[PDB]
Each structure stands twice: as C-alpha cells, then as structure tokens.
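The data block below is coords_23.pdb; it holds PDB, N, CA and C atoms.
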```
ATOM      1  N   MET C   9      -4.108  -4.205   7.871
ATOM      2  CA  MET C   9      -2.839  -4.563   7.250
ATOM      3  C   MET C   9      -2.197  -3.349   6.586
ATOM      4  N   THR C  10      -0.909  -3.461   6.277
ATOM      5  CA  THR C  10      -0.179  -2.372   5.640
ATOM      6  C   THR C  10       0.232  -2.742   4.219
ATOM      7  N   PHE C  11      -0.113  -1.883   3.266
ATOM      8  CA  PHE C  11       0.220  -2.119   1.866
ATOM      9  C   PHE C  11       1.243  -1.102   1.371
ATOM     10  N   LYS C  12       1.793  -1.353   0.187
ATOM     11  CA  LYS C  12       2.783  -0.460  -0.402
ATOM     12  C   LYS C  12       2.535  -0.281  -1.896
ATOM     13  N   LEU C  13       2.096   0.913  -2.279
ATOM     14  CA  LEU C  13       1.820   1.215  -3.679
ATOM     15  C   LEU C  13       2.865   2.172  -4.245
ATOM     16  N   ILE C  14       3.526   1.750  -5.317
ATOM     17  CA  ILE C  14       4.547   2.572  -5.956
ATOM     18  C   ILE C  14       3.937   3.479  -7.019
ATOM     19  N   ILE C  15       4.035   4.786  -6.801
ATOM     20  CA  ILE C  15       3.495   5.759  -7.742
ATOM     21  C   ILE C  15       4.428   5.948  -8.933
ATOM     22  N   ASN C  16       3.887   5.777 -10.135
ATOM     23  CA  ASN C  16       4.672   5.930 -11.355
ATOM     24  C   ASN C  16       3.868   6.655 -12.430
ATOM     25  N   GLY C  17       4.258   7.893 -12.720
ATOM     26  CA  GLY C  17       3.565   8.673 -13.728
ATOM     27  C   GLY C  17       4.219  10.018 -13.972
ATOM     28  N   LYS C  18       3.500  10.910 -14.647
ATOM     29  CA  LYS C  18       4.017  12.240 -14.946
ATOM     30  C   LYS C  18       3.627  13.233 -13.857
ATOM     31  N   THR C  19       2.330  13.320 -13.578
ATOM     32  CA  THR C  19       1.827  14.231 -12.557
ATOM     33  C   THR C  19       2.305  13.818 -11.169
ATOM     34  N   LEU C  20       2.140  12.540 -10.848
ATOM     35  CA  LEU C  20       2.556  12.018  -9.550
ATOM     36  C   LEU C  20       3.723  11.049  -9.702
ATOM     37  N   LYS C  21       4.600  11.025  -8.703
ATOM     38  CA  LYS C  21       5.759  10.142  -8.723
ATOM     39  C   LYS C  21       6.330   9.962  -7.320
ATOM     40  N   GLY C  22       6.750   8.740  -7.008
ATOM     41  CA  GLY C  22       7.312   8.460  -5.700
ATOM     42  C   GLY C  22       6.864   7.120  -5.151
ATOM     43  N   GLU C  23       6.607   7.073  -3.847
ATOM     44  CA  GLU C  23       6.170   5.842  -3.200
ATOM     45  C   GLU C  23       5.521   6.136  -1.851
ATOM     46  N   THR C  24       4.687   5.210  -1.386
ATOM     47  CA  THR C  24       4.000   5.370  -0.111
ATOM     48  C   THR C  24       3.231   4.108   0.261
ATOM     49  N   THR C  25       2.746   4.059   1.498
ATOM     50  CA  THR C  25       1.993   2.908   1.979
ATOM     51  C   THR C  25       0.539   3.277   2.253
ATOM     52  N   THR C  26      -0.286   2.265   2.503
ATOM     53  CA  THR C  26      -1.700   2.482   2.780
ATOM     54  C   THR C  26      -2.240   1.431   3.743
ATOM     55  N   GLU C  27      -2.923   1.888   4.788
ATOM     56  CA  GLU C  27      -3.492   0.984   5.782
ATOM     57  C   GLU C  27      -4.980   0.759   5.526
ATOM     58  N   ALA C  28      -5.320  -0.438   5.060
ATOM     59  CA  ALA C  28      -6.708  -0.780   4.775
ATOM     60  C   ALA C  28      -7.048  -2.172   5.296
ATOM     61  N   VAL C  29      -8.341  -2.456   5.413
ATOM     62  CA  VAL C  29      -8.799  -3.752   5.899
ATOM     63  C   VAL C  29      -8.472  -4.860   4.905
ATOM     64  N   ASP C  30      -8.463  -4.511   3.623
ATOM     65  CA  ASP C  30      -8.163  -5.476   2.571
ATOM     66  C   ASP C  30      -7.556  -4.783   1.355
ATOM     67  N   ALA C  31      -6.989  -5.574   0.450
ATOM     68  CA  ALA C  31      -6.375  -5.037  -0.757
ATOM     69  C   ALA C  31      -7.365  -4.189  -1.547
ATOM     70  N   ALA C  32      -8.638  -4.568  -1.493
ATOM     71  CA  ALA C  32      -9.683  -3.842  -2.202
ATOM     72  C   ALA C  32      -9.781  -2.402  -1.711
ATOM     73  N   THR C  33      -9.806  -2.232  -0.392
ATOM     74  CA  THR C  33      -9.899  -0.905   0.206
ATOM     75  C   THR C  33      -8.593  -0.136   0.043
ATOM     76  N   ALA C  34      -7.476  -0.847   0.144
ATOM     77  CA  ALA C  34      -6.162  -0.230   0.005
ATOM     78  C   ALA C  34      -6.074   0.588  -1.278
ATOM     79  N   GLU C  35      -6.740   0.112  -2.326
ATOM     80  CA  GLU C  35      -6.734   0.801  -3.612
ATOM     81  C   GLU C  35      -7.704   1.979  -3.602
ATOM     82  N   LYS C  36      -8.825   1.810  -2.908
ATOM     83  CA  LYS C  36      -9.835   2.857  -2.817
ATOM     84  C   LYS C  36      -9.294   4.071  -2.069
ATOM     85  N   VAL C  37      -8.349   3.831  -1.165
ATOM     86  CA  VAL C  37      -7.748   4.906  -0.385
ATOM     87  C   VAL C  37      -6.816   5.754  -1.244
ATOM     88  N   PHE C  38      -6.009   5.090  -2.064
ATOM     89  CA  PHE C  38      -5.069   5.782  -2.939
ATOM     90  C   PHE C  38      -5.772   6.306  -4.187
ATOM     91  N   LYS C  39      -6.916   5.710  -4.508
ATOM     92  CA  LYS C  39      -7.689   6.116  -5.676
ATOM     93  C   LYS C  39      -7.934   7.621  -5.671
ATOM     94  N   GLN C  40      -8.203   8.168  -4.489
ATOM     95  CA  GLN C  40      -8.456   9.597  -4.350
ATOM     96  C   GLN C  40      -7.196  10.404  -4.643
ATOM     97  N   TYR C  41      -6.042   9.823  -4.335
ATOM     98  CA  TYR C  41      -4.766  10.490  -4.564
ATOM     99  C   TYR C  41      -4.486  10.634  -6.056
ATOM    100  N   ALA C  42      -4.441   9.505  -6.756
ATOM    101  CA  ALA C  42      -4.186   9.504  -8.190
ATOM    102  C   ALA C  42      -5.282  10.248  -8.945
ATOM    103  N   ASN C  43      -6.501  10.186  -8.419
ATOM    104  CA  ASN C  43      -7.638  10.854  -9.044
ATOM    105  C   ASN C  43      -7.563  12.363  -8.835
ATOM    106  N   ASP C  44      -7.523  12.780  -7.574
ATOM    107  CA  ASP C  44      -7.449  14.197  -7.239
ATOM    108  C   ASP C  44      -6.257  14.856  -7.925
ATOM    109  N   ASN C  45      -5.208  14.073  -8.160
ATOM    110  CA  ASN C  45      -4.005  14.582  -8.808
ATOM    111  C   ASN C  45      -4.128  14.498 -10.326
ATOM    112  N   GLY C  46      -5.033  13.643 -10.795
ATOM    113  CA  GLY C  46      -5.232  13.484 -12.224
ATOM    114  C   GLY C  46      -4.456  12.313 -12.791
ATOM    115  N   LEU C  47      -3.479  11.830 -12.033
ATOM    116  CA  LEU C  47      -2.657  10.706 -12.468
ATOM    117  C   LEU C  47      -3.481   9.423 -12.529
ATOM    118  N   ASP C  48      -3.515   8.805 -13.706
ATOM    119  CA  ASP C  48      -4.264   7.568 -13.897
ATOM    120  C   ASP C  48      -3.638   6.720 -15.001
ATOM    121  N   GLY C  49      -3.473   5.430 -14.728
ATOM    122  CA  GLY C  49      -2.887   4.534 -15.706
ATOM    123  C   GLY C  49      -3.465   3.134 -15.632
ATOM    124  N   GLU C  50      -2.640   2.175 -15.225
ATOM    125  CA  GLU C  50      -3.076   0.788 -15.114
ATOM    126  C   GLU C  50      -2.818   0.247 -13.711
ATOM    127  N   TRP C  51      -3.866  -0.268 -13.079
ATOM    128  CA  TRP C  51      -3.753  -0.817 -11.733
ATOM    129  C   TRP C  51      -3.321  -2.279 -11.776
ATOM    130  N   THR C  52      -2.225  -2.589 -11.089
ATOM    131  CA  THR C  52      -1.707  -3.950 -11.051
ATOM    132  C   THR C  52      -1.913  -4.578  -9.677
ATOM    133  N   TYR C  53      -2.328  -5.840  -9.665
ATOM    134  CA  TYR C  53      -2.564  -6.555  -8.416
ATOM    135  C   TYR C  53      -1.851  -7.903  -8.416
ATOM    136  N   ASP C  54      -1.188  -8.214  -7.308
ATOM    137  CA  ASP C  54      -0.463  -9.473  -7.178
ATOM    138  C   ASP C  54      -0.595 -10.032  -5.764
ATOM    139  N   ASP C  55      -1.143 -11.237  -5.660
ATOM    140  CA  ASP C  55      -1.327 -11.884  -4.365
ATOM    141  C   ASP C  55      -0.032 -12.543  -3.899
ATOM    142  N   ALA C  56       0.811 -12.922  -4.853
ATOM    143  CA  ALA C  56       2.082 -13.562  -4.540
ATOM    144  C   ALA C  56       2.982 -12.630  -3.734
ATOM    145  N   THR C  57       3.108 -11.390  -4.197
ATOM    146  CA  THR C  57       3.939 -10.403  -3.520
ATOM    147  C   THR C  57       3.103  -9.508  -2.612
ATOM    148  N   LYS C  58       1.803  -9.448  -2.883
ATOM    149  CA  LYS C  58       0.892  -8.632  -2.091
ATOM    150  C   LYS C  58       1.287  -7.159  -2.155
ATOM    151  N   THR C  59       1.506  -6.662  -3.368
ATOM    152  CA  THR C  59       1.888  -5.270  -3.566
ATOM    153  C   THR C  59       1.112  -4.645  -4.720
ATOM    154  N   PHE C  60       0.872  -3.341  -4.628
ATOM    155  CA  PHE C  60       0.140  -2.623  -5.664
ATOM    156  C   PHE C  60       1.071  -1.710  -6.457
ATOM    157  N   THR C  61       0.722  -1.468  -7.716
ATOM    158  CA  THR C  61       1.525  -0.614  -8.580
ATOM    159  C   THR C  61       0.655   0.106  -9.605
ATOM    160  N   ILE C  62       1.216   1.136 -10.231
ATOM    161  CA  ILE C  62       0.491   1.906 -11.234
ATOM    162  C   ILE C  62       1.450   2.569 -12.217
ATOM    163  N   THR C  63       1.254   2.296 -13.503
ATOM    164  CA  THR C  63       2.100   2.867 -14.544
ATOM    165  C   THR C  63       1.306   3.803 -15.447
ATOM    166  N   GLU C  64       1.863   4.980 -15.709
ATOM    167  CA  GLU C  64       1.205   5.965 -16.559
ATOM    168  C   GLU C  64       2.009   6.206 -17.834
TER     169      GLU C  64
END
```

Give the structure from the file, written as structure tokens.
Amino acid sequence: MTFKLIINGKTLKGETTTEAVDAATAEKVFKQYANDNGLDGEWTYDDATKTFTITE
C-alpha cells in the first residue's frame, strides 16, 4: 500500500509518501529519515484517514 507522511519540523520540512506492507512498517521506513536527520517530535496515527504526521 501507499502512505503519505507530512514532515513538520525545524531540521526537516516538506512532504512525501512511503510504500510499506502495513502502517506499522510505513513508519519504520520514515523513522530512519527523521532519525538520521535528527528531526523527532510526536507520531500521529489515524485509521479514519489512514495518514501519518509528525510535529516538532
């Protein structure tokens, strides 16, 4: 499936998608991005809209 995580922070900013088997993996894929970049805040999950977000 295809997901869409909106990047929101100081170090990182913008938007992008992620192809994972499930929402759980979809986050693990981007986890390296926000981590390697240092950007970290609060992970939001919603089944109604099926979208991921992060605020720093």

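Note that DSSP on the backbone gives strand (DSSP E or B) to these residues of chain C: residues 10, 11, 12, 13, 14, 15, 16, 22, 23, 24, 25, 26, 27, 50, 51, 52, 53, 54, 59, 60, 61, 62 and 63 of chain C.
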
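In terms of minimum interatomic distance to residue 26 of chain C, C:10 ranks closest within C:10, C:45, C:52, C:57, counting all atoms listed in the file.
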
**OP:** Quick one: pick out all alpha helix (DSSP H) residues within chain C from a backbone DSSP run and write them as a list in words.
**Re:** residues 31, 32, 33, 34, 35, 36, 37, 38, 39, 40, 41, 42, 43, 44 and 45 of chain C

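Residues near the point (7.2, 4.6, -17.8), at a distance of 8 Å or less over only C-alpha atoms, make up residues 16, 17, 63 and 64 of chain C.
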
Around all the atoms of segment 17-32 of chain C listed in the file, draw an axis-aligned box and extend it by 4 Å on each of the six sides; I want its centre and edge lengths in Å to one decimal, as AutoDock Vina command-line options.
```
--center_x -1.2 --center_y 4.3 --center_z -4.5 --size_x 25.1 --size_y 27.8 --size_z 28.8
```

Subject >> Selection: 6 Å around residue 62 of chain C, all atoms listed in the file, excl. self and same-chain fewer than 3 positions, as a list in words >> reply: residues 14, 15, 16, 49, 50, 51 and 52 of chain C

**OP:** Please provide the set of residues having any atom within 10 Å of residue 27 of chain C, restricted to only C-alpha atoms, with same-chain residues fewer than 2 positions apart removed, written as number ranges by chain.
**Re:** C: 9-12, 25, 29-31, 33-35, 37

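If you look at atom C of residue 56 of chain C and atom CA of residue 43 of chain C, they are 26.3 Å away from each other.
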
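Reported to one decimal place, the separation of atom CA of residue 21 of chain C from atom CA of residue 55 of chain C is 23.5 Å.
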
Subject >> For atom CA of residue 18 of chain C and atom N of residue 38 of chain C, the interatomic separation in Å (one decimal) >> reply: 17.8 Å

**OP:** Considering all atoms listed in the file, return as JSON, numbers by chain whatever protein or nucleic-acid residues lie within 5 Å of residue 13 of chain C, sequence-local ones (same chain, fewer than 5 positions apart) excluded.
**Re:** {"C": [24, 25, 60, 61]}
